[PDB]
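Asker: If it helps, the file is called input.pdb and holds PDB, N, CA and C atoms:
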ATOM      1  N   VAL S   1     106.986  60.048 313.750
ATOM      2  CA  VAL S   1     106.356  61.011 314.671
ATOM      3  C   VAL S   1     104.859  60.744 314.600
ATOM      4  N   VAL S   2     104.068  61.224 315.559
ATOM      5  CA  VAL S   2     102.618  61.131 315.549
ATOM      6  C   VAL S   2     102.089  62.548 315.339
ATOM      7  N   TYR S   3     101.215  62.716 314.348
ATOM      8  CA  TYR S   3     100.699  63.998 313.894
ATOM      9  C   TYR S   3      99.229  64.085 314.311
ATOM     10  N   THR S   4      98.574  65.219 314.055
ATOM     11  CA  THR S   4      97.171  65.423 314.387
ATOM     12  C   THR S   4      96.410  65.808 313.116
ATOM     13  N   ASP S   5      95.072  65.806 313.170
ATOM     14  CA  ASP S   5      94.223  66.160 312.029
ATOM     15  C   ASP S   5      94.418  67.639 311.678
ATOM     16  N   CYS S   6      93.878  68.106 310.548
ATOM     17  CA  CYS S   6      93.846  69.536 310.223
ATOM     18  C   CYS S   6      92.621  70.215 310.832
ATOM     19  N   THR S   7      92.785  71.468 311.288
ATOM     20  CA  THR S   7      91.694  72.312 311.810
ATOM     21  C   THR S   7      91.125  73.309 310.787
ATOM     22  N   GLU S   8      91.878  73.681 309.745
ATOM     23  CA  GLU S   8      91.418  74.571 308.677
ATOM     24  C   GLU S   8      91.803  73.970 307.322
ATOM     25  N   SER S   9      91.144  74.415 306.245
ATOM     26  CA  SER S   9      91.484  73.987 304.898
ATOM     27  C   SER S   9      92.755  74.685 304.427
ATOM     28  N   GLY S  10      93.464  74.054 303.491
ATOM     29  CA  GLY S  10      94.643  74.659 302.890
ATOM     30  C   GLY S  10      95.857  74.547 303.814
ATOM     31  N   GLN S  11      95.833  73.575 304.735
ATOM     32  CA  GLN S  11      96.930  73.294 305.644
ATOM     33  C   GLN S  11      97.612  71.992 305.247
ATOM     34  N   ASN S  12      98.924  71.898 305.473
ATOM     35  CA  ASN S  12      99.698  70.678 305.263
ATOM     36  C   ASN S  12     100.255  70.149 306.585
ATOM     37  N   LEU S  13     100.930  68.995 306.529
ATOM     38  CA  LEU S  13     101.591  68.384 307.680
ATOM     39  C   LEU S  13     100.573  67.968 308.754
ATOM     40  N   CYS S  14      99.454  67.375 308.322
ATOM     41  CA  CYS S  14      98.377  66.942 309.205
ATOM     42  C   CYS S  14      97.709  65.712 308.613
ATOM     43  N   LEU S  15      97.085  64.906 309.464
ATOM     44  CA  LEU S  15      96.407  63.670 309.065
ATOM     45  C   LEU S  15      95.147  64.013 308.267
ATOM     46  N   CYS S  16      94.897  63.352 307.125
ATOM     47  CA  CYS S  16      93.852  63.824 306.209
ATOM     48  C   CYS S  16      93.160  62.614 305.605
ATOM     49  N   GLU S  17      93.914  61.812 304.852
ATOM     50  CA  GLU S  17      93.482  60.450 304.562
ATOM     51  C   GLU S  17      93.902  59.516 305.698
ATOM     52  N   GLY S  18      93.043  59.405 306.713
ATOM     53  CA  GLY S  18      93.283  58.522 307.840
ATOM     54  C   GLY S  18      94.593  58.905 308.520
ATOM     55  N   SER S  19      95.423  57.921 308.879
ATOM     56  CA  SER S  19      96.707  58.191 309.514
ATOM     57  C   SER S  19      97.771  58.655 308.509
ATOM     58  N   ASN S  20      97.432  58.864 307.233
ATOM     59  CA  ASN S  20      98.385  59.351 306.250
ATOM     60  C   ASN S  20      98.398  60.875 306.316
ATOM     61  N   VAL S  21      99.595  61.429 306.509
ATOM     62  CA  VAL S  21      99.814  62.859 306.609
ATOM     63  C   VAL S  21      99.694  63.478 305.215
ATOM     64  N   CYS S  22      99.072  64.654 305.118
ATOM     65  CA  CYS S  22      99.091  65.450 303.907
ATOM     66  C   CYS S  22     100.472  66.086 303.745
ATOM     67  N   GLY S  23     101.330  65.335 303.046
ATOM     68  CA  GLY S  23     102.725  65.634 302.765
ATOM     69  C   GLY S  23     102.954  67.040 302.206
ATOM     70  N   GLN S  24     104.181  67.542 302.375
ATOM     71  CA  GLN S  24     104.563  68.859 301.895
ATOM     72  C   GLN S  24     104.261  69.026 300.404
ATOM     73  N   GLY S  25     103.861  70.241 300.019
ATOM     74  CA  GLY S  25     103.420  70.544 298.667
ATOM     75  C   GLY S  25     101.976  70.103 298.406
ATOM     76  N   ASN S  26     101.317  69.469 299.382
ATOM     77  CA  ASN S  26      99.912  69.083 299.342
ATOM     78  C   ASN S  26      99.216  69.727 300.541
ATOM     79  N   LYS S  27      97.904  69.990 300.469
ATOM     80  CA  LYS S  27      97.132  70.572 301.560
ATOM     81  C   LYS S  27      95.773  69.895 301.725
ATOM     82  N   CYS S  28      95.191  69.973 302.937
ATOM     83  CA  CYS S  28      93.999  69.207 303.266
ATOM     84  C   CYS S  28      92.858  70.183 303.177
ATOM     85  N   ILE S  29      91.823  69.852 302.413
ATOM     86  CA  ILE S  29      90.610  70.630 302.443
ATOM     87  C   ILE S  29      89.737  69.899 303.463
ATOM     88  N   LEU S  30      89.449  70.550 304.594
ATOM     89  CA  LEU S  30      88.394  70.091 305.481
ATOM     90  C   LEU S  30      87.090  70.251 304.700
ATOM     91  N   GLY S  31      86.257  69.208 304.665
ATOM     92  CA  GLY S  31      84.972  69.260 303.972
ATOM     93  C   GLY S  31      84.144  70.456 304.441
ATOM     94  N   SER S  32      83.258  71.005 303.598
ATOM     95  CA  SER S  32      82.488  72.177 304.029
ATOM     96  C   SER S  32      80.967  72.060 303.837
ATOM     97  N   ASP S  33      80.380  70.898 304.160
ATOM     98  CA  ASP S  33      79.281  70.347 303.343
ATOM     99  C   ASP S  33      79.197  68.816 303.438
ATOM    100  N   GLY S  34      79.498  68.230 304.598
ATOM    101  CA  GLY S  34      79.406  66.782 304.760
ATOM    102  C   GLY S  34      80.521  66.005 304.047
ATOM    103  N   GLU S  35      81.345  66.667 303.233
ATOM    104  CA  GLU S  35      82.553  66.092 302.674
ATOM    105  C   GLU S  35      83.586  65.723 303.736
ATOM    106  N   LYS S  36      84.444  64.766 303.367
ATOM    107  CA  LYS S  36      85.494  64.227 304.215
ATOM    108  C   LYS S  36      86.803  64.963 303.925
ATOM    109  N   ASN S  37      87.793  64.768 304.793
ATOM    110  CA  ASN S  37      89.119  65.360 304.672
ATOM    111  C   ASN S  37      89.752  64.910 303.350
ATOM    112  N   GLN S  38      90.156  65.856 302.495
ATOM    113  CA  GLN S  38      90.722  65.572 301.174
ATOM    114  C   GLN S  38      92.074  66.260 301.004
ATOM    115  N   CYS S  39      93.156  65.480 300.900
ATOM    116  CA  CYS S  39      94.504  66.002 300.709
ATOM    117  C   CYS S  39      94.794  66.077 299.218
ATOM    118  N   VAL S  40      95.074  67.271 298.687
ATOM    119  CA  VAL S  40      95.377  67.444 297.270
ATOM    120  C   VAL S  40      96.678  68.219 297.110
ATOM    121  N   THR S  41      97.388  67.994 296.002
ATOM    122  CA  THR S  41      98.627  68.701 295.701
ATOM    123  C   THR S  41      98.368  70.199 295.498
ATOM    124  N   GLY S  42      99.414  71.016 295.637
ATOM    125  CA  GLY S  42      99.405  72.454 295.409
ATOM    126  C   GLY S  42     100.447  73.112 296.319
ATOM    127  N   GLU S  43      99.986  73.759 297.401
ATOM    128  CA  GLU S  43     100.799  74.249 298.512
ATOM    129  C   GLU S  43      99.834  74.675 299.624
ATOM    130  N   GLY S  44     100.293  74.783 300.872
ATOM    131  CA  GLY S  44      99.411  75.100 302.000
ATOM    132  C   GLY S  44     100.224  75.529 303.209
ATOM    133  N   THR S  45      99.550  76.099 304.202
ATOM    134  CA  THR S  45     100.168  76.587 305.431
ATOM    135  C   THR S  45     100.506  75.405 306.357
ATOM    136  N   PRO S  46     101.648  75.406 307.059
ATOM    137  CA  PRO S  46     101.931  74.375 308.038
ATOM    138  C   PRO S  46     101.137  74.590 309.324
ATOM    139  N   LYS S  47     100.500  73.521 309.792
ATOM    140  CA  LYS S  47      99.732  73.505 311.027
ATOM    141  C   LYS S  47     100.606  73.891 312.250
ATOM    142  N   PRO S  48     100.294  74.985 312.976
ATOM    143  CA  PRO S  48     101.071  75.465 314.124
ATOM    144  C   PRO S  48     100.801  74.636 315.394
ATOM    145  N   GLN S  49     101.685  74.670 316.409
ATOM    146  CA  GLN S  49     101.617  73.701 317.492
ATOM    147  C   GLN S  49     100.587  74.096 318.558
ATOM    148  N   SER S  50      99.419  73.438 318.530
ATOM    149  CA  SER S  50      98.146  74.023 318.982
ATOM    150  C   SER S  50      97.727  75.276 318.175
ATOM    151  N   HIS S  51      96.414  75.450 317.952
ATOM    152  CA  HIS S  51      95.805  76.691 317.471
ATOM    153  C   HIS S  51      95.330  77.454 318.707
TER
END
Spit out the file's structure as structure tokens when you get a sec.
Answerer:
Amino acid sequence: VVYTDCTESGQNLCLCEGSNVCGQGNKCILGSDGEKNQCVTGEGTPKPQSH
């Protein structure tokens, strides 16, 4: 499937490290401070179809 980037931090199932999806049980922190998209383990909300 083709996925899209994350719009908020603490979301999963979205592109984060490039075309690599932030897999389930991991969530993407959108940088808040010139930082880049960072997918880390934990848990997060699934990105809804359009915000």
Asker: Pick from S:42, S:6, S:11, S:47: nearest to residue 25 in chain S, with all atoms listed in the file counted?
Answerer: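 Ranked by minimum distance to residue 25 in chain S, first place goes to S:42.
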Asker: List, as an mmCIF file with N, CA and C atoms, keeping the file's coordinate frame, every residue that the PyMOL selection byres (((chain S and resi 48 and name CA) around 12) and name CA) selects in the file provided.
Answerer:
data_model
loop_
_atom_site.group_PDB
_atom_site.id
_atom_site.type_symbol
_atom_site.label_atom_id
_atom_site.label_comp_id
_atom_site.auth_asym_id
_atom_site.auth_seq_id
_atom_site.Cartn_x
_atom_site.Cartn_y
_atom_site.Cartn_z
ATOM 1 N N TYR S 3 101.215 62.716 314.348
ATOM 2 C CA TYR S 3 100.699 63.998 313.894
ATOM 3 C C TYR S 3 99.229 64.085 314.311
ATOM 4 N N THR S 4 98.574 65.219 314.055
ATOM 5 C CA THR S 4 97.171 65.423 314.387
ATOM 6 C C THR S 4 96.410 65.808 313.116
ATOM 7 N N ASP S 5 95.072 65.806 313.170
ATOM 8 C CA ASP S 5 94.223 66.160 312.029
ATOM 9 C C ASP S 5 94.418 67.639 311.678
ATOM 10 N N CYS S 6 93.878 68.106 310.548
ATOM 11 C CA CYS S 6 93.846 69.536 310.223
ATOM 12 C C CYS S 6 92.621 70.215 310.832
ATOM 13 N N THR S 7 92.785 71.468 311.288
ATOM 14 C CA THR S 7 91.694 72.312 311.810
ATOM 15 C C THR S 7 91.125 73.309 310.787
ATOM 16 N N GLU S 8 91.878 73.681 309.745
ATOM 17 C CA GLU S 8 91.418 74.571 308.677
ATOM 18 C C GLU S 8 91.803 73.970 307.322
ATOM 19 N N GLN S 11 95.833 73.575 304.735
ATOM 20 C CA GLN S 11 96.930 73.294 305.644
ATOM 21 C C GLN S 11 97.612 71.992 305.247
ATOM 22 N N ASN S 12 98.924 71.898 305.473
ATOM 23 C CA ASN S 12 99.698 70.678 305.263
ATOM 24 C C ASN S 12 100.255 70.149 306.585
ATOM 25 N N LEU S 13 100.930 68.995 306.529
ATOM 26 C CA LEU S 13 101.591 68.384 307.680
ATOM 27 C C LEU S 13 100.573 67.968 308.754
ATOM 28 N N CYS S 14 99.454 67.375 308.322
ATOM 29 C CA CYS S 14 98.377 66.942 309.205
ATOM 30 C C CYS S 14 97.709 65.712 308.613
ATOM 31 N N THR S 45 99.550 76.099 304.202
ATOM 32 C CA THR S 45 100.168 76.587 305.431
ATOM 33 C C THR S 45 100.506 75.405 306.357
ATOM 34 N N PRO S 46 101.648 75.406 307.059
ATOM 35 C CA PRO S 46 101.931 74.375 308.038
ATOM 36 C C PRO S 46 101.137 74.590 309.324
ATOM 37 N N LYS S 47 100.500 73.521 309.792
ATOM 38 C CA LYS S 47 99.732 73.505 311.027
ATOM 39 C C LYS S 47 100.606 73.891 312.250
ATOM 40 N N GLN S 49 101.685 74.670 316.409
ATOM 41 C CA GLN S 49 101.617 73.701 317.492
ATOM 42 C C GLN S 49 100.587 74.096 318.558
ATOM 43 N N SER S 50 99.419 73.438 318.530
ATOM 44 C CA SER S 50 98.146 74.023 318.982
ATOM 45 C C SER S 50 97.727 75.276 318.175
ATOM 46 N N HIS S 51 96.414 75.450 317.952
ATOM 47 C CA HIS S 51 95.805 76.691 317.471
ATOM 48 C C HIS S 51 95.330 77.454 318.707
#
Asker: Go ahead and compute the interatomic distance for atom C of residue 29 in chain S and atom C of residue 2 in chain S, in Å to one decimal.
Answerer: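 That distance, rounded to one decimal, is 18.6 Å.
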Asker: Could you tell me how far atom C of residue 30 in chain S sits from CA of residue 1 in chain S, in Å to one decimal place?
Answerer: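 According to the coordinates, CA of residue 1 in chain S and atom C of residue 30 in chain S are separated by 23.6 Å.
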Asker: How many Å lie between CA of residue 21 in chain S and CA of residue 35 in chain S, rounded to one decimal?
Answerer: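 Between these atoms lies a distance of 18.0 Å.
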Asker: Return as a list in words the full set of residues in chain S whose backbone-based DSSP assignment is strand (DSSP E or B).
Answerer: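 Here is the list: residues 5, 11, 12, 15, 16, 17, 20, 21, 26, 27, 28, 29, 38, 39, 40, 41, 45 and 46 of chain S.
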Asker: To test your reading of the syntax: which residues would the PyMOL selection byres ((chain S and resi 38) around 8) return for the file shown? Reply as a ChimeraX atom specification.
Answerer: /S:15-17,22,26-31,35-37,39-41
Asker: Mind working out the centre and edge lengths of an axis-aligned box for range 37-51 of chain S, all listed atoms inside, 6 Å added to each side, rounded to one decimal in Å and written as AutoDock Vina command-line options?
Answerer:
--center_x 94.9 --center_y 71.1 --center_z 307.2 --size_x 26.1 --size_y 24.7 --size_z 35.6
Asker: Output range 7-27 of chain S as a short mmCIF file (atom, residue, chain, number, x, y, z; two decimals), in the frame of the given file, making sure N, CA, C and O atoms are there.
Answerer:
data_model
loop_
_atom_site.label_atom_id
_atom_site.label_comp_id
_atom_site.auth_asym_id
_atom_site.auth_seq_id
_atom_site.Cartn_x
_atom_site.Cartn_y
_atom_site.Cartn_z
N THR S 7 92.78 71.47 311.29
CA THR S 7 91.69 72.31 311.81
C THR S 7 91.12 73.31 310.79
O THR S 7 90.00 73.77 310.97
N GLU S 8 91.88 73.68 309.74
CA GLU S 8 91.42 74.57 308.68
C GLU S 8 91.80 73.97 307.32
O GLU S 8 92.68 73.11 307.25
N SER S 9 91.14 74.42 306.24
CA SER S 9 91.48 73.99 304.90
C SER S 9 92.76 74.68 304.43
O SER S 9 93.07 75.79 304.86
N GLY S 10 93.46 74.05 303.49
CA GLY S 10 94.64 74.66 302.89
C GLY S 10 95.86 74.55 303.81
O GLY S 10 96.81 75.32 303.67
N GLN S 11 95.83 73.58 304.74
CA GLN S 11 96.93 73.29 305.64
C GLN S 11 97.61 71.99 305.25
O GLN S 11 96.94 71.08 304.77
N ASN S 12 98.92 71.90 305.47
CA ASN S 12 99.70 70.68 305.26
C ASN S 12 100.26 70.15 306.58
O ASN S 12 100.08 70.77 307.63
N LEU S 13 100.93 69.00 306.53
CA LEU S 13 101.59 68.38 307.68
C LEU S 13 100.57 67.97 308.75
O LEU S 13 100.79 68.14 309.95
N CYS S 14 99.45 67.38 308.32
CA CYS S 14 98.38 66.94 309.20
C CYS S 14 97.71 65.71 308.61
O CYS S 14 97.78 65.49 307.41
N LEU S 15 97.08 64.91 309.46
CA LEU S 15 96.41 63.67 309.06
C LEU S 15 95.15 64.01 308.27
O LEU S 15 94.45 64.96 308.64
N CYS S 16 94.90 63.35 307.12
CA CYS S 16 93.85 63.82 306.21
C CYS S 16 93.16 62.61 305.60
O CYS S 16 92.00 62.35 305.90
N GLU S 17 93.91 61.81 304.85
CA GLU S 17 93.48 60.45 304.56
C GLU S 17 93.90 59.52 305.70
O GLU S 17 94.96 58.89 305.66
N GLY S 18 93.04 59.40 306.71
CA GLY S 18 93.28 58.52 307.84
C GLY S 18 94.59 58.90 308.52
O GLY S 18 94.88 60.09 308.67
N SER S 19 95.42 57.92 308.88
CA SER S 19 96.71 58.19 309.51
C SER S 19 97.77 58.66 308.51
O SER S 19 98.93 58.80 308.90
N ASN S 20 97.43 58.86 307.23
CA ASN S 20 98.38 59.35 306.25
C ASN S 20 98.40 60.88 306.32
O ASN S 20 97.35 61.53 306.23
N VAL S 21 99.60 61.43 306.51
CA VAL S 21 99.81 62.86 306.61
C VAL S 21 99.69 63.48 305.21
O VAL S 21 100.22 62.93 304.25
N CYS S 22 99.07 64.65 305.12
CA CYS S 22 99.09 65.45 303.91
C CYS S 22 100.47 66.09 303.74
O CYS S 22 100.77 67.15 304.30
N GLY S 23 101.33 65.33 303.05
CA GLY S 23 102.72 65.63 302.76
C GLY S 23 102.95 67.04 302.21
O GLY S 23 102.06 67.66 301.63
N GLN S 24 104.18 67.54 302.38
CA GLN S 24 104.56 68.86 301.90
C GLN S 24 104.26 69.03 300.40
O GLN S 24 104.36 68.07 299.63
N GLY S 25 103.86 70.24 300.02
CA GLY S 25 103.42 70.54 298.67
C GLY S 25 101.98 70.10 298.41
O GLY S 25 101.45 70.36 297.33
N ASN S 26 101.32 69.47 299.38
CA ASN S 26 99.91 69.08 299.34
C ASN S 26 99.22 69.73 300.54
O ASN S 26 99.88 69.99 301.54
N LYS S 27 97.90 69.99 300.47
CA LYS S 27 97.13 70.57 301.56
C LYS S 27 95.77 69.90 301.73
O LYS S 27 95.27 69.31 300.76
#
